[PDB]
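Q: Everything below, folded, please.
(2 chains, ligands or ions: 2)
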Amino acid sequence: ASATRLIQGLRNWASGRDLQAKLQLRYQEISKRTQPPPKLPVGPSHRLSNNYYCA
Amino acid sequence: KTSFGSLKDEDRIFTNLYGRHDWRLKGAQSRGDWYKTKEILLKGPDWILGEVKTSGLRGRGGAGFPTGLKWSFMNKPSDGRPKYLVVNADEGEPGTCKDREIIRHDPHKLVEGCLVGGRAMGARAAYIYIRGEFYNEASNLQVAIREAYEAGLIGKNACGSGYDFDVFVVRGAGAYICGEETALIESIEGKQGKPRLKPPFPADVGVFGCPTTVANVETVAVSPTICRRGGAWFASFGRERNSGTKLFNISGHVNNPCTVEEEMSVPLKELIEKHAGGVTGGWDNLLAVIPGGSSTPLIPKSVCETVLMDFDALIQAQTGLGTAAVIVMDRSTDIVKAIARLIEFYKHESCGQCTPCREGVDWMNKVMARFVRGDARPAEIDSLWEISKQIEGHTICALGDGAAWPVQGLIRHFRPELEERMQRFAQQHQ
Ligand SMILES: Cc1cc2nc3c(=O)[nH]c(=O)nc-3n(C[C@H](O)[C@H](O)[C@H](O)COP(=O)(O)O)c2cc1C
Ligand code: SF4
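A: Numbers count the residues shown, from 1 in each chain, chains lettered A, B, ... in the order given. Ligands and ions are numbered 1, 2, ... in the order given. Right below this line is the structure:
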């Protein structure tokens, strides 16, 4: 997405498609590599009552 | 008869309960005791067992087992080994201070009970396992037993019947678990007071390996009075299968705490408002009543309206009676702190033998120590219930049951008070 408009237009003509809307090279649109700390939920049997394992 | 209570003074078995009369033997024959004992001893064990089975006497120590069927397990011939009637006198039950009154004020009645009960099953000798903390009662009882030996009433040729019979007194050393019958048997033998497993029952193998009946002071001391006054007289009181009289111990937030004898099926409201002078602040100030000592689940003010203080009506009140100790708790009482202190009692008085009591009582006390402050979340209420339902019925004796039962009663009758306690913890500490 650094190509100038002449090469960009020639490339859109030779492909016959619209390429700058769907780029395969990734840019700032991706998630950030440093993520917030997660807090995952627990399973449904993490309960202090009615936790008899035979049931 | 359907109206019970208001027992007359002429039908009281326990004359000189308060200490206003002479407790010694010349004062004991002035109150009817040690009278016509030879004609009791010469009618055989079977007439005595029949007069106990006719009387409808049940257990007075915390069990409620019938007395005559209990003593009839020991009506078997010997095979070289003797038999022993041991009287449980430990009385570690919180609320219950009645056998202390029987030992301190009517000791000759207890010795006559030992003699007649040992005649009733062919026992060789008697052991009175008195509490170690009752040292004044122990010396009181030993002076009375000396006066019993120095008249020819017990010992060699007891009351002129050719039936040899000793009476011993063994003192405890400060263990509530020695109140239970098998741990009392283990405490006489000179070991750690850790309860035995049934079977073998004490009626087959009890103390020292001899057949032994451990019976409470109250259910022993009234049986010569049953044999003299009449079994139909003693079964004429109370409701059906709930006969007799009972020494009630009304303590706590009453105006006048008292040990007082009353007919078995007396209403609790009538008992408190007559013999104790009412709850502090009145009956409108009544929050809860621990009905029969520490091992019974408490009942709130709506249950204390109509309930009868015998075994079957408290079973219908989904609680127990036991030793009939009325611990009264008014509205000014922090109920959670009281039950947590009672669970602290049950962890400082528990012998530590098997795993469910040894772990669950300490773990319930930690949960109750968080519940008093409120340091929990409400989903730990029913979980604690399951903790009680993992103790109740999986132990050796009924101290695990007696420690699970107060927490069950507290939760089952005061759950929303615990929930508001923990939500106000949540708002004022976070
Ligand atoms: C934890 C526990 C403590 C007990 N403490 C006493 C006691 O202090 N005094 C007593 O007479 N019975 C006590 N008992 C009841 C005895 O096990 C037994 O029932 C009693 O010695 C004789 O029963 P009886 O009432 O038929 O005579 C206790 C039971 C348990 C489970
Ligand atoms: S449950 Fe408790 S009181 Fe009973 S034998 Fe075990 S340690 Fe003793």
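
Q: Tally up the residues packed near residue B:183, please.
A: By the criterion of other CB atoms under 10 Å in any protein chain shown, residue B:183 has 26 neighbours. C-betas here are computed from N, CA, C, even on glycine.

Q: Determine whether any part of the helix or strand containing it lies close to ligand 2.
A: Per DSSP states H and E, residue B:183 falls inside helix B:181-188. No: using CB under 6 Å from any ligand atom, helix B:181-188 never reaches ligand 2; the gap is at least 7.1 Å.

Q: so what secondary structure elements neighbour that helix?
A: strand B:84-89, strand B:125-130, strand B:212-216 (3 or more CB pairs under 8 Å, 6 or more residues apart in numbering or on different chains; DSSP states H and E).

Q: And it, what's buried?
A: By neighbour count on 16 or more other CB atoms under 10 Å in any protein chain shown, the buried set for helix B:181-188 is B:181, B:182, B:183, B:184, B:185, B:186, B:187, B:188.

Q: pull the longest strand from chain B.
A: Ranked by residue count and defined by DSSP state E, the top strand of chain B is strand B:245-252.

Q: Dump it to PDB, restricted to CA.
A: Taking C-alpha atoms only, strand B:245-252 is exported to PDB below (Å, rounded to 0.1, in the frame of the first residue of the first chain):
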ATOM      1  CA  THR B 245     -39.900 -36.600  85.400                       C
ATOM      2  CA  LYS B 246     -36.800 -34.600  84.300                       C
ATOM      3  CA  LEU B 247     -34.300 -32.300  85.900                       C
ATOM      4  CA  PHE B 248     -34.300 -29.300  83.600                       C
ATOM      5  CA  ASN B 249     -31.400 -26.900  83.600                       C
ATOM      6  CA  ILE B 250     -32.600 -23.400  82.500                       C
ATOM      7  CA  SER B 251     -29.700 -21.100  81.900                       C
ATOM      8  CA  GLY B 252     -28.600 -18.300  79.700                       C
END
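
Q: Now tell me what touches that strand from outside.
A: B:7, B:11-14, B:17, B:60, B:95-98, B:101-102, B:218, B:222, B:237, B:257-264, B:266, B:271-272, B:275-276, B:290, B:309, B:323-329 (CB atoms under 8 Å, 6 or more residues apart in numbering or on different chains).

Q: Looks like residue B:226 contacts residue B:55 (just checking).
A: Yes: shown here, residue B:226 and residue B:55 form a contact pair, counting by CB atoms under 8 Å, at 4.9 Å.

Q: list the residues that contact both of the two?
A: Each of residue B:234 lies in contact with both residue B:226 and residue B:55 under the rule CB under 8 Å, 6+ apart.

Q: Quick check on the closest residue to ligand 2 within the stretch 101-250 of chain B: phi, psi?
A: Closest residue of the stretch 101-250 of chain B to ligand 2, CB to the nearest ligand atom: residue B:195 (4.2 Å). Phi and psi for residue B:195, reported as degrees, to the nearest 10, are phi -70, psi 150.

Q: Let me know whether it touches residue B:395 as I believe.
A: No: if you go by CB under 8 Å, residue B:195 and residue B:395 don't touch, sitting 9.1 Å apart.

Q: Just give the closest residue to the closest residue to chain B within chain A, not the sequence neighbours.
A: Of all residues in chain A, residue A:48 sits closest to chain B, at 3.9 Å by CB to the nearest CB. Spatial nearest neighbour of residue A:48, chain neighbours left out: residue B:383 (3.9 Å); criterion: CB to CB, 6 or more residues apart in numbering or on different chains.

Q: any idea how far ligand 1 is from the residue of the stretch 101-250 of chain B closest to ligand 2?
A: In this view, residue B:195 and ligand 1 are 8 Å apart by CB to the nearest ligand atom, to the nearest Å.

Q: need the contact list for that residue.
A: For residue B:195, the contact set (CB under 8 Å, 6+ apart) comprises B:177, B:180, B:182, B:183, B:186, B:351, B:353, B:396, B:397.

Q: Show residues contacting the helix holding residue B:183.
A: Outside helix B:181-188, the residues that reach it (CB under 8 Å, 6+ apart) are B:61, B:86, B:88, B:90, B:127, B:129, B:170, B:172, B:175, B:177-178, B:192-198, B:202, B:206-208, B:212, B:214, B:351, B:397.

Q: just the buried members of those?
A: Buried members of the contacts of helix B:181-188, counted by 16+ other CB under 10 Å: B:61, B:86, B:88, B:90, B:127, B:129, B:170, B:172, B:175, B:177-178, B:193-196, B:202, B:206-207, B:212, B:214, B:351, B:397.
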